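Below is one structure, written out as structure tokens, with a few remarks after it.
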Amino acid sequence: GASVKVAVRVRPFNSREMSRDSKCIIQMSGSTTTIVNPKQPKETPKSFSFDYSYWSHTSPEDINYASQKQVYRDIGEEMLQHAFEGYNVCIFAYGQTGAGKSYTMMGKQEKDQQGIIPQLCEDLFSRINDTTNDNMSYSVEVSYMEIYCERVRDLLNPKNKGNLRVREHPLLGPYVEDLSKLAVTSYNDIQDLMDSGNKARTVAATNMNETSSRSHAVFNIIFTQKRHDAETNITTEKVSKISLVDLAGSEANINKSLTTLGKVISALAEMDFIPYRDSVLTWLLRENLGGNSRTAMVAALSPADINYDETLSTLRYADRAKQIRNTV
Amino acid sequence: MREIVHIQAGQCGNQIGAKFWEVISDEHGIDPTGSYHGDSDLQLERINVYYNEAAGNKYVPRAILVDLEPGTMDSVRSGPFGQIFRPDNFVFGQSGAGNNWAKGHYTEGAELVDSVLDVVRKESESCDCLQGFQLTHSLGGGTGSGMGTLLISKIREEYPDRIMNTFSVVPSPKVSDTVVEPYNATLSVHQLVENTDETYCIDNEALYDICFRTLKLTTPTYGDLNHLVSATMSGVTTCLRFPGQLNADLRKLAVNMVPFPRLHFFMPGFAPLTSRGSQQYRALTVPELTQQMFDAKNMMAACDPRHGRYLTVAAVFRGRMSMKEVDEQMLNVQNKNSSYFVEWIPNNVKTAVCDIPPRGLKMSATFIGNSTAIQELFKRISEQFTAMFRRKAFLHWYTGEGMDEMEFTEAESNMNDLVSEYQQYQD
Amino acid sequence: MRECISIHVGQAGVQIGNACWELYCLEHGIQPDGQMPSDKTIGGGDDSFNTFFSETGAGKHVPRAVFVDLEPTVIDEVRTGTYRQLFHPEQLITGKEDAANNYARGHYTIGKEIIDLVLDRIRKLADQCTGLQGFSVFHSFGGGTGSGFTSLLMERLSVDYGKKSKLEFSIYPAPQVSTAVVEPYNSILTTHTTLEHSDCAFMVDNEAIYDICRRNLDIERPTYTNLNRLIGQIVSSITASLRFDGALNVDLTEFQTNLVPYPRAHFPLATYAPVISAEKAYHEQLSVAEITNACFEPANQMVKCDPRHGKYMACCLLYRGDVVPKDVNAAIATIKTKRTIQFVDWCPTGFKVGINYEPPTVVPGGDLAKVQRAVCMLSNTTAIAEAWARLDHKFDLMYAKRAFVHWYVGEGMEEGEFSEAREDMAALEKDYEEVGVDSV
Ligand SMILES: CC(=O)O[C@@]12CO[C@@H]1C[C@H](O)[C@@]1(C)C(=O)[C@H](O)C3=C(C)[C@@H](OC(=O)[C@H](O)[C@@H](NC(=O)OC(C)(C)C)c4ccccc4)C[C@@](O)([C@@H](OC(=O)c4ccccc4)[C@H]21)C3(C)C
Ligand SMILES: Nc1nc2c(ncn2[C@@H]2O[C@H](COP(=O)(O)OP(=O)(O)OP(=O)(O)O)[C@@H](O)[C@H]2O)c(=O)[nH]1
Ligand SMILES: Nc1ncnc2c1ncn2[C@@H]1O[C@H](COP(=O)(O)OP(=O)(O)CP(=O)(O)O)[C@@H](O)[C@H]1O
Ligand SMILES: Nc1nc2c(ncn2[C@@H]2O[C@H](COP(=O)(O)OP(=O)(O)O)[C@@H](O)[C@H]2O)c(=O)[nH]1
Ligand SMILES: [Mg+2]
């Protein structure tokens, strides 16, 4: 099996950390990330090795700053190429509330600050429009959903209040019943759907009415490749499912999916039964976590001393995921 | 004037309240003074003015009461020994009581854990200088286990000076809950490290040995177990408070038994256990009383102290006997117990005497101490925790209450080293 | 203060209440016994003013209460010739929608239409008072009003009241039964509770009850009217006990966690060890702590859940009347002393024990003893793990295999309700099994 690739990324201090005069307890060198314990400075710092240890603590003017472009060119680009080979792929962002999950996956729409999802979509349509072999034709379908307190909402159709039911097809696996799947023929169109979708996510008074730290966003692309040949006249089809996930903060029930995800990752890392069905998230992502798929995790890290316990936990879960191997 | 704060929580705490306190219109309760000098009265009060300050001494019952599921309301409030008092009573309005540390502690308790601030404030004020914070509490309580640590934490936070005295209830090889492994482990990190100064143990699995060996009882009882504890508290709380030739104020309690900062836990005994009938053996002896104060069999806790060495031993005897007699006898304990004495430490045993023997024993013996043994009481809940809650995990229940990998992992590692650090003494 | 809310669901349920509501007949009620002088029908307690449903009085004077009938049938009983029990008017629903056996029917069909009005009743009902800490559901594993209607009524209640774990009762198929529908069918009704919500559940195995009546009591001839008491009584222990003043008390929120070991709705077993004959002579009295063992005996066992298989899990025992502390701590130890109990790999002194008073209630000859010491075993053992298999061999062949749905489709959705209910309730089988099959 192909190992689930893992990258961790540390961001610059945020307003909260700055207001408390937080010092940085994270260091990086090569693919290694080291964390210092602010409370017990007497211990030896804990080190972890990953596929990538992204230092994005400073700013683009730094030669060593890990940009949106590097993060995408390493893992995003690799997964898209696998999609073209016909493999199902998945990338999920994991980490403590405010560590930088949405920035990594979505980013912002200015300044070359766009994240993995916008860059991959753009790259996808660019490659398709660069085609010169008329025997090849393509189809791109998109779906975007939110998972909040186990409830699934269609972000491309906020015009319906049904909490879509996650089901298990008797032969084809899990799916979200009646989730809209829209055909898109340009990057501009897909971006427009992405934008309105981002506008439909649940917000929380508790988060100063910002997007709720407890909702999961799953962005799916169904990429179909049709290859003709004037001969016998059969067109062959290659279908790849691209799943781009932006998880709720790692720190019918509020934290079921996240706690269950932890258990699934731990169990898989150990095994190499698994509670996939214990949560809607792990259920829908069953094949991406141990199944027929090329998967990658990007763990977001706060650099601050005040978030030591949470950051250590993220590093430890990312270390375990690194041990998972899917069967493709 | 060394007045006193009564906080009673959960089941074990509220009910335990029932049995500590009633041993008090025995009259001394917590810091007035007087009364108890020429009998008289009874109940849930006397003649004056209320509120509060008549505390645990003349016209009033002072306590802070904390119930989180209206069990302590009805169980005692009414027909029973009290009034209590009004205004001094918490009923959680149905919170629904919770099993789970995180649950009244993080959840319903916060909301009440704030309403418990008002109780503490009014008592604190009383016009007397308060030196105790007395709290009953339950490993596996959630309300008590994780509400008691909330209550404890603010009280250490706001009352650093005033060492907390907390009564404990524990895990012994027998069980309540299944979540009590970890429930009391999280009740821990907070009971060490949470301004709780000294810490009492009251294992119910050890309480029986006592109520049934020493005692005969034919069929104990949870109310009868409440006779036991009163014993262990009156010595500490009444004794030394109530009059006395070497008198140990509660604070002697925190330097005598803690020899260091992490929450020193103790085990405590009452000898004068007696047998109704057997009533006739050793006229309230000292050796009698010393004898019974160390045995493996007379400790009213879930550690059997014999495995290891105690580190600190605080004993208290209030029978009207020789101040020469008690001190001369306690030595003999110390010399056939070497290995039970901590090589550091001299004066491995402190002795206090107060001047009135418990109403109707004639002569009393209270015991306190920490030995190396407890590396036990925990190397048991931790084996429990790692393999339980933290294990293949049991906290979905708690996982909604609001604690996520934390309060588990931190409670094992912090409470763990407890095991190593504790051992450290005398390996 | 911590009320329960009592919901019935079907034939199995409207009656079962008659067993629940009669068994109550001691001045208690869902969660408010906070006391009453009335007695009997309650007639004699007074009329203080009032009208349908009683403002004059509390649930105490009159109940916690909500019967759903999708046929008048059982409900006409409870309404039946003021059937000797007028327990209130207007806590009954009687839907003459014509009854439907189908998970699909009533649940998708007639029930949809009158699950609401009911929701309304519940809601109002859920409001008069304070602390409702509980929802009781009588459920079958066959009765249209009990599957889809309950997968409807549990589902909406879970969705609407996430914080209040539902307790539901069950009367599941085994080797014998009714219908053909019920091998799957209850399957369908099993999907829904599940992740719709639900908490701990309980069952009476109808094939276990009539068994225990033949191995532990006497009367092989017996009527279901009597089997309801065996199951009726289970409740009295669960709610009347934990809901009444005593030592070590488990509330409805104690029930959830002590049974629940992981999150795919879990199931439980009920053992009532006091079950002595009218024709017994229990060794003048039956030993209190033997009562505990009574529990484990596969024999009290309500269901055909061969404990033989596997390791229990959660064990919640509720003792009531004249029980001794030293009886529990010291008898409960013993069990965890046999080989057999084989508690699980992560059970940590699994046993949860409560004491309640008064005594074991009783009425009439059909009621056995006046036993003065009770054991209620509510457990989660691997077994369950096999009865669902049973229903799953039935299903792989009764519904899906060659399909018995043409009735059912008629009422609503195909290709999941079925396929989804097999795969989701299935893994139940695998996941369950893996809950207790290795050290890991
Ligand atoms: C405690 C004690 O000494 O309990 C026992 C049971 O095994 C213990 C040994 C005692 O020798 C014994 C047996 C007595 O014979 C003694 O003469 C006596 C005392 C000293 C009373 O105790 C008191 O008056 C004390 O003042 C006692 N008061 C006390 O227990 O008050 C309560 C109100 C809690 C009862 C107390 C002790 C320490 C500090 C402060 C007070 C309690 C007693 O009822 C009695 O308890 C019992 O028969 C008995 C049976 C089951 C449960 C409990 C007690 C008592 C009486 C009056 C008989
Ligand atoms: N033990 C027991 N089982 C009962 C009782 N009432 C019903 N059952 C069982 O419930 C199952 C279904 O009963 P039914 O009366 O057919 O259910 P229903 O409510 O009619 O079913 P629908 O017409 O679909 O709504 C059968 O297997 C019965 O054995 C009862 O009082 N006790
Ligand atoms: N690599 C990076 N470089 C510069 N700024 C970054 C950054 N990563 C994150 N940030 C900034 O840090 C802040 C928090 O990041 P973000 O909002 O994406 O976190 P998050 O998605 O983990 C929060 P939640 O858990 O609530 O969903 C934002 O203001 C974001 O722009
Ligand atoms: N000594 C004593 N122990 C009790 C009493 N009530 C309960 N306990 C014990 O303490 C444990 C926790 O009970 P309780 O105090 O009600 O727990 P909590 O309130 O949920 O924390 C139980 O498992 C019992 O063993 C009591 O009145 N006295
Ligand atoms: Mg985000």
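By convention in this document, the chains of the structure tokens carry letters A, B, ... by their order, each chain's residues are numbered from 1, and ligands are numbered from 1 in the order they are shown.
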
Could you please tell me, as a PyMOL selection string, which residues of chain C have an atom within 9 Å of chain A when using only C-alpha atoms? chain C and resi 158-159+162-163+195-197+262-264+415-416+418-424+427-428+430-431+433-435

Write the residues of the preceding selection, restricted to N, CA and C atoms, as a PDB file, in the first residue's frame.
```
ATOM      1  N   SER C 158     -34.761  12.577  19.029  1.00  0.00           N
ATOM      2  CA  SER C 158     -33.306  12.689  19.032  1.00  0.00           C
ATOM      3  C   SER C 158     -32.894  13.933  18.366  1.00  0.00           C
ATOM      4  N   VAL C 159     -33.457  14.221  17.258  1.00  0.00           N
ATOM      5  CA  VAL C 159     -33.090  15.371  16.530  1.00  0.00           C
ATOM      6  C   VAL C 159     -33.475  16.602  17.335  1.00  0.00           C
ATOM      7  N   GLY C 162     -31.552  16.424  21.610  1.00  0.00           N
ATOM      8  CA  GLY C 162     -30.267  15.726  21.569  1.00  0.00           C
ATOM      9  C   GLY C 162     -29.665  15.459  22.891  1.00  0.00           C
ATOM     10  N   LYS C 163     -29.999  16.333  23.807  1.00  0.00           N
ATOM     11  CA  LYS C 163     -29.518  16.301  25.165  1.00  0.00           C
ATOM     12  C   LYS C 163     -30.314  15.322  25.940  1.00  0.00           C
ATOM     13  N   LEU C 195     -28.420   5.764  15.031  1.00  0.00           N
ATOM     14  CA  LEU C 195     -27.782   7.024  14.873  1.00  0.00           C
ATOM     15  C   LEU C 195     -28.840   8.101  14.848  1.00  0.00           C
ATOM     16  N   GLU C 196     -30.141   7.846  14.637  1.00  0.00           N
ATOM     17  CA  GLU C 196     -31.123   8.896  14.800  1.00  0.00           C
ATOM     18  C   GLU C 196     -31.009   9.443  16.202  1.00  0.00           C
ATOM     19  N   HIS C 197     -30.551   8.674  17.010  1.00  0.00           N
ATOM     20  CA  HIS C 197     -30.763   8.864  18.428  1.00  0.00           C
ATOM     21  C   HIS C 197     -31.335   7.617  18.946  1.00  0.00           C
ATOM     22  N   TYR C 262     -19.526   2.218  23.816  1.00  0.00           N
ATOM     23  CA  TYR C 262     -19.152   2.939  22.637  1.00  0.00           C
ATOM     24  C   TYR C 262     -20.461   3.341  21.991  1.00  0.00           C
ATOM     25  N   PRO C 263     -20.502   3.989  20.875  1.00  0.00           N
ATOM     26  CA  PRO C 263     -21.609   4.785  20.471  1.00  0.00           C
ATOM     27  C   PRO C 263     -22.550   4.211  19.458  1.00  0.00           C
ATOM     28  N   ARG C 264     -22.517   2.977  19.104  1.00  0.00           N
ATOM     29  CA  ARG C 264     -23.565   2.512  18.191  1.00  0.00           C
ATOM     30  C   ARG C 264     -24.630   1.864  19.031  1.00  0.00           C
ATOM     31  N   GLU C 415     -34.463   0.231  -1.674  1.00  0.00           N
ATOM     32  CA  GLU C 415     -33.042   0.075  -2.000  1.00  0.00           C
ATOM     33  C   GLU C 415     -32.200   0.721  -0.923  1.00  0.00           C
ATOM     34  N   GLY C 416     -32.352   1.329  -0.109  1.00  0.00           N
ATOM     35  CA  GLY C 416     -32.025   1.564   1.240  1.00  0.00           C
ATOM     36  C   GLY C 416     -33.259   1.704   2.013  1.00  0.00           C
ATOM     37  N   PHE C 418     -33.701  -0.631   3.415  1.00  0.00           N
ATOM     38  CA  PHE C 418     -33.412  -1.998   3.343  1.00  0.00           C
ATOM     39  C   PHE C 418     -31.914  -2.232   3.227  1.00  0.00           C
ATOM     40  N   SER C 419     -31.327  -1.754   2.183  1.00  0.00           N
ATOM     41  CA  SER C 419     -29.891  -1.960   1.913  1.00  0.00           C
ATOM     42  C   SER C 419     -29.032  -1.209   2.902  1.00  0.00           C
ATOM     43  N   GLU C 420     -29.480  -0.049   3.215  1.00  0.00           N
ATOM     44  CA  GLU C 420     -28.812   0.759   4.202  1.00  0.00           C
ATOM     45  C   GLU C 420     -29.016   0.245   5.575  1.00  0.00           C
ATOM     46  N   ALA C 421     -30.147  -0.411   5.812  1.00  0.00           N
ATOM     47  CA  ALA C 421     -30.425  -0.881   7.116  1.00  0.00           C
ATOM     48  C   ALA C 421     -29.738  -2.172   7.377  1.00  0.00           C
ATOM     49  N   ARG C 422     -29.239  -2.817   6.352  1.00  0.00           N
ATOM     50  CA  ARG C 422     -28.541  -4.056   6.511  1.00  0.00           C
ATOM     51  C   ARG C 422     -27.056  -3.852   6.661  1.00  0.00           C
ATOM     52  N   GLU C 423     -26.592  -2.909   5.973  1.00  0.00           N
ATOM     53  CA  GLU C 423     -25.187  -2.604   5.952  1.00  0.00           C
ATOM     54  C   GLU C 423     -24.797  -1.822   7.184  1.00  0.00           C
ATOM     55  N   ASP C 424     -25.702  -0.971   7.686  1.00  0.00           N
ATOM     56  CA  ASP C 424     -25.413  -0.119   8.830  1.00  0.00           C
ATOM     57  C   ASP C 424     -25.634  -0.846  10.099  1.00  0.00           C
ATOM     58  N   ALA C 427     -22.575  -4.096  10.072  1.00  0.00           N
ATOM     59  CA  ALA C 427     -21.316  -3.716  10.650  1.00  0.00           C
ATOM     60  C   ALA C 427     -21.415  -3.613  12.143  1.00  0.00           C
ATOM     61  N   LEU C 428     -22.748  -3.449  12.467  1.00  0.00           N
ATOM     62  CA  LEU C 428     -23.087  -3.513  13.872  1.00  0.00           C
ATOM     63  C   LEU C 428     -22.591  -4.809  14.370  1.00  0.00           C
ATOM     64  N   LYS C 430     -20.225  -6.671  12.938  1.00  0.00           N
ATOM     65  CA  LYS C 430     -18.781  -6.740  12.920  1.00  0.00           C
ATOM     66  C   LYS C 430     -18.205  -5.811  13.951  1.00  0.00           C
ATOM     67  N   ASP C 431     -18.708  -4.585  13.986  1.00  0.00           N
ATOM     68  CA  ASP C 431     -18.159  -3.667  14.904  1.00  0.00           C
ATOM     69  C   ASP C 431     -18.357  -4.086  16.333  1.00  0.00           C
ATOM     70  N   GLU C 433     -18.679  -7.143  17.421  1.00  0.00           N
ATOM     71  CA  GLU C 433     -17.800  -8.260  17.637  1.00  0.00           C
ATOM     72  C   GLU C 433     -16.382  -7.798  17.906  1.00  0.00           C
ATOM     73  N   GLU C 434     -15.942  -6.928  17.241  1.00  0.00           N
ATOM     74  CA  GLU C 434     -14.607  -6.383  17.406  1.00  0.00           C
ATOM     75  C   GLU C 434     -14.550  -5.562  18.682  1.00  0.00           C
ATOM     76  N   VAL C 435     -15.609  -5.212  19.301  1.00  0.00           N
ATOM     77  CA  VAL C 435     -15.615  -4.482  20.562  1.00  0.00           C
ATOM     78  C   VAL C 435     -15.102  -5.350  21.649  1.00  0.00           C
TER      79      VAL C 435
END
```

Which residues are near ligand 1 in this structure, taking near to mean any atom at most 7 Å from a ligand atom and counting only C-alpha atoms and all ligand atoms? Format them as a list in words. residues 19, 22, 23, 26, 215, 217, 223, 224, 225, 226, 227, 228, 230, 231, 234, 235, 272, 273, 274, 275, 276, 279, 358, 359, 360, 361 and 362 of chain B

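Residue list for chain C within 6 Å of chain B: residues 1, 2, 131, 325, 346, 348, 349, 350 and 352 of chain C, counting only C-alpha atoms.
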
Determine, using only C-alpha atoms, which residues of chain A have any atom at most 10 Å from an atom of chain B, and tabulate each with its shortest atom pair and distance in Å to one decimal place, rows ordered by chain and then rising number, as a Markdown table.
```
| residue | atom | partner | partner_atom | distance |
| --- | --- | --- | --- | --- |
| A:250 | CA | B:404 | CA | 8.3 |
| A:251 | CA | B:404 | CA | 6.7 |
| A:253 | CA | B:400 | CA | 7.1 |
| A:254 | CA | B:400 | CA | 7.0 |
| A:255 | CA | B:400 | CA | 7.1 |
| A:256 | CA | B:396 | CA | 7.9 |
| A:258 | CA | B:404 | CA | 9.9 |
| A:259 | CA | B:404 | CA | 8.0 |
| A:260 | CA | B:396 | CA | 9.8 |
| A:262 | CA | B:405 | CA | 9.8 |
| A:263 | CA | B:392 | CA | 8.4 |
| A:266 | CA | B:392 | CA | 9.8 |
| A:267 | CA | B:392 | CA | 9.4 |
| A:309 | CA | B:406 | CA | 8.1 |
| A:310 | CA | B:406 | CA | 8.5 |
| A:313 | CA | B:405 | CA | 8.2 |
```

Neighbourhood of ligand 3 at 9 Å, counting only C-alpha atoms and all ligand atoms, reported as a ChimeraX atom specification: /A:9-15,54-60,65-68,93-108,113,207,210-216,246-251,300-302

Could you pull the residues within 12 Å of residue 65 of chain B, counting only C-alpha atoms, minus those fewer than 5 positions along the same chain, as a tab-separated table (two decimals) with N, CA and C atoms, in the first residue's frame?
```tsv
chain	number	residue	atom	x	y	z
B	5	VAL	N	-15.43	26.91	57.04
B	5	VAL	CA	-16.06	26.77	55.73
B	5	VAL	C	-16.49	25.47	55.32
B	6	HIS	N	-17.75	25.36	55.32
B	6	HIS	CA	-18.27	24.13	55.03
B	6	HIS	C	-18.80	24.00	53.64
B	7	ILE	N	-18.23	23.02	52.92
B	7	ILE	CA	-18.64	22.76	51.57
B	7	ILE	C	-18.94	21.31	51.37
B	8	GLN	N	-20.08	20.95	51.10
B	8	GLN	CA	-20.47	19.60	50.96
B	8	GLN	C	-20.96	19.28	49.58
B	9	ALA	N	-20.37	18.36	48.89
B	9	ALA	CA	-20.75	18.13	47.51
B	9	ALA	C	-21.05	16.70	47.19
B	10	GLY	N	-21.86	16.55	46.18
B	10	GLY	CA	-22.25	15.28	45.59
B	10	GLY	C	-23.09	14.47	46.53
B	11	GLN	N	-22.87	13.16	46.41
B	11	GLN	CA	-23.56	12.21	47.18
B	11	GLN	C	-22.81	11.94	48.44
B	13	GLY	N	-20.48	13.46	49.72
B	13	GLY	CA	-20.20	14.70	50.43
B	13	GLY	C	-21.41	15.23	51.22
B	14	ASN	N	-22.61	15.24	50.55
B	14	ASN	CA	-23.85	15.66	51.16
B	14	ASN	C	-24.32	14.69	52.14
B	15	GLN	N	-24.22	13.45	51.84
B	15	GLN	CA	-24.64	12.47	52.74
B	15	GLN	C	-23.65	12.35	53.86
B	16	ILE	N	-22.39	12.37	53.41
B	16	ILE	CA	-21.33	12.38	54.39
B	16	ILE	C	-21.45	13.56	55.33
B	17	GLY	N	-22.26	14.49	54.73
B	17	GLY	CA	-22.51	15.66	55.53
B	17	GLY	C	-23.41	15.42	56.67
B	18	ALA	N	-24.27	14.56	56.34
B	18	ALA	CA	-25.24	14.10	57.24
B	18	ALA	C	-24.62	13.46	58.43
B	21	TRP	N	-21.39	16.22	60.44
B	21	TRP	CA	-22.18	17.14	61.12
B	21	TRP	C	-23.12	16.37	61.98
B	70	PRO	N	-30.92	16.67	43.04
B	70	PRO	CA	-31.53	16.95	44.33
B	70	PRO	C	-31.51	15.78	45.22
B	71	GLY	N	-30.63	14.99	45.35
B	71	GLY	CA	-30.37	14.07	46.42
B	71	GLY	C	-29.83	14.78	47.65
B	72	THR	N	-29.50	15.21	48.08
B	72	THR	CA	-29.17	15.76	49.37
B	72	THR	C	-30.23	16.72	49.85
B	73	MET	N	-30.83	17.39	48.97
B	73	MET	CA	-32.04	18.08	49.41
B	73	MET	C	-32.88	17.24	50.29
B	76	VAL	N	-31.75	14.70	53.44
B	76	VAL	CA	-31.62	15.22	54.78
B	76	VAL	C	-32.52	16.41	55.01
B	77	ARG	N	-32.80	17.22	54.08
B	77	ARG	CA	-33.53	18.42	54.36
B	77	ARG	C	-34.99	18.17	54.59
B	84	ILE	N	-31.33	22.42	57.97
B	84	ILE	CA	-29.93	22.41	57.60
B	84	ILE	C	-29.23	23.59	58.23
B	85	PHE	N	-30.05	24.40	57.32
B	85	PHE	CA	-30.41	25.76	57.24
B	85	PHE	C	-31.02	26.09	55.92
B	86	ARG	N	-31.73	27.12	55.86
B	86	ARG	CA	-32.04	27.68	54.60
B	86	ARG	C	-30.99	28.65	54.20
B	87	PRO	N	-30.81	28.78	52.95
B	87	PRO	CA	-29.88	29.72	52.44
B	87	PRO	C	-28.42	29.32	52.64
B	88	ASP	N	-27.78	28.47	52.18
B	88	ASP	CA	-26.78	27.54	52.52
B	88	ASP	C	-27.00	26.22	51.86
B	89	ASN	N	-28.02	26.13	51.07
B	89	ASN	CA	-28.33	24.90	50.38
B	89	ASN	C	-28.41	25.08	48.91
B	90	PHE	N	-27.75	24.20	48.21
B	90	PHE	CA	-27.72	24.18	46.78
B	90	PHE	C	-28.55	23.08	46.23
B	91	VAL	N	-29.48	23.34	45.50
B	91	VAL	CA	-30.07	22.31	44.69
B	91	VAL	C	-30.06	22.71	43.29
B	92	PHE	N	-29.47	21.84	42.54
B	92	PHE	CA	-29.12	22.05	41.20
B	92	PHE	C	-30.25	22.18	40.21
B	112	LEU	N	-23.33	26.60	38.63
B	112	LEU	CA	-23.55	26.49	40.05
B	112	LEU	C	-22.23	26.74	40.76
B	113	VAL	N	-21.19	26.27	40.06
B	113	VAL	CA	-19.85	26.48	40.59
B	113	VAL	C	-19.60	27.94	40.79
B	115	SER	N	-22.45	29.75	41.71
B	115	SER	CA	-23.40	29.96	42.80
B	115	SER	C	-22.81	29.48	44.08
B	116	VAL	N	-21.79	28.65	43.95
B	116	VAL	CA	-21.05	28.25	45.11
B	116	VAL	C	-20.06	29.31	45.52
B	117	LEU	N	-19.77	30.23	44.74
B	117	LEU	CA	-18.98	31.37	45.11
B	117	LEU	C	-19.72	32.18	46.18
B	118	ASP	N	-21.01	32.41	46.05
B	118	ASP	CA	-21.80	33.24	46.98
B	118	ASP	C	-21.86	32.62	48.32
B	119	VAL	N	-21.94	31.35	48.41
B	119	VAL	CA	-21.91	30.68	49.66
B	119	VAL	C	-20.57	30.92	50.34
B	120	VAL	N	-19.54	30.77	49.65
B	120	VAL	CA	-18.18	30.90	50.15
B	120	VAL	C	-17.93	32.31	50.58
B	123	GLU	N	-19.80	33.04	54.00
B	123	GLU	CA	-19.19	32.34	55.08
B	123	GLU	C	-17.86	32.95	55.45
B	134	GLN	N	-13.56	22.96	54.17
B	134	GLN	CA	-13.86	21.60	54.31
B	134	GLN	C	-14.85	21.13	53.26
B	135	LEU	N	-14.48	20.07	52.58
B	135	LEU	CA	-15.16	19.61	51.39
B	135	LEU	C	-15.28	18.13	51.39
B	136	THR	N	-16.47	17.64	51.24
B	136	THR	CA	-16.63	16.24	51.03
B	136	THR	C	-16.73	15.95	49.63
B	137	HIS	N	-16.24	14.84	49.27
B	137	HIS	CA	-16.13	14.58	47.90
B	137	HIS	C	-15.86	13.12	47.57
B	144	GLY	N	-19.40	15.55	42.43
B	144	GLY	CA	-18.42	15.75	43.48
B	144	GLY	C	-17.03	15.76	42.87
B	148	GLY	N	-16.17	18.94	42.52
B	148	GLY	CA	-15.39	19.26	43.75
B	148	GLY	C	-14.11	19.85	43.40
B	151	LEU	N	-14.76	23.56	42.56
B	151	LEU	CA	-14.95	24.25	43.83
B	151	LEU	C	-13.60	24.44	44.51
```

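Atom CA of residue 440 of chain C is found 22.1 Å from atom CA of residue 183 of chain B.
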
Test item: residues lying within 9 Å of ligand 2 with only C-alpha atoms and all ligand atoms, as a PyMOL selection string: chain C and resi 9-19+69-71+73-74+98-103+105-106+139-147+149+171-173+176-179+182+204-207+209-210+223-231

As a compact mmCIF listing (two decimals) with C-alpha atoms, in the first residue's frame, please: every residue in segment 3-180 of chain A that DSSP puts in helix (DSSP H, G or I).
```
# COMPACT_ATOMS: atom_id res chain seq x y z
CA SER A 15 -3.84 38.35 17.61
CA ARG A 16 -4.54 36.24 20.71
CA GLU A 17 -0.99 34.95 21.06
CA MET A 18 0.42 38.44 20.52
CA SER A 19 -1.84 39.93 23.21
CA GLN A 68 0.81 28.71 -0.51
CA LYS A 69 2.50 27.95 -3.81
CA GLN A 70 5.02 25.51 -2.23
CA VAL A 71 2.38 23.77 -0.16
CA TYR A 72 0.33 23.24 -3.30
CA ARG A 73 3.22 22.35 -5.59
CA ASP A 74 4.39 19.64 -3.23
CA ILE A 75 1.24 17.78 -2.18
CA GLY A 76 -1.59 19.40 -4.13
CA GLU A 77 0.11 18.95 -7.48
CA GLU A 78 1.04 15.35 -6.64
CA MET A 79 -2.56 14.41 -5.84
CA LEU A 80 -3.95 16.07 -8.98
CA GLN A 81 -1.49 14.12 -11.11
CA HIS A 82 -2.73 10.93 -9.41
CA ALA A 83 -6.30 11.95 -10.25
CA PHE A 84 -5.20 12.12 -13.88
CA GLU A 85 -3.74 8.62 -13.58
CA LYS A 101 -6.55 24.87 8.43
CA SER A 102 -8.81 27.09 6.29
CA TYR A 103 -5.91 29.30 5.19
CA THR A 104 -4.05 26.21 3.94
CA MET A 105 -7.04 24.68 2.18
CA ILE A 116 -4.84 24.17 -2.04
CA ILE A 117 -8.42 23.95 -3.28
CA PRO A 118 -8.40 27.07 -5.51
CA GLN A 119 -4.95 26.20 -6.89
CA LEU A 120 -5.85 22.60 -7.62
CA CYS A 121 -9.07 23.57 -9.39
CA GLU A 122 -7.23 26.14 -11.50
CA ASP A 123 -4.43 23.66 -12.29
CA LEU A 124 -7.06 21.07 -13.22
CA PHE A 125 -8.84 23.24 -15.78
CA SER A 126 -5.52 24.53 -17.15
CA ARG A 127 -4.36 20.98 -17.85
CA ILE A 128 -7.70 20.09 -19.41
CA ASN A 129 -7.69 23.13 -21.71
```

Using atom CA of residue 416 of chain B and atom CA of residue 46 of chain A as the two end points, give the distance in Å to one decimal. 19.6 Å
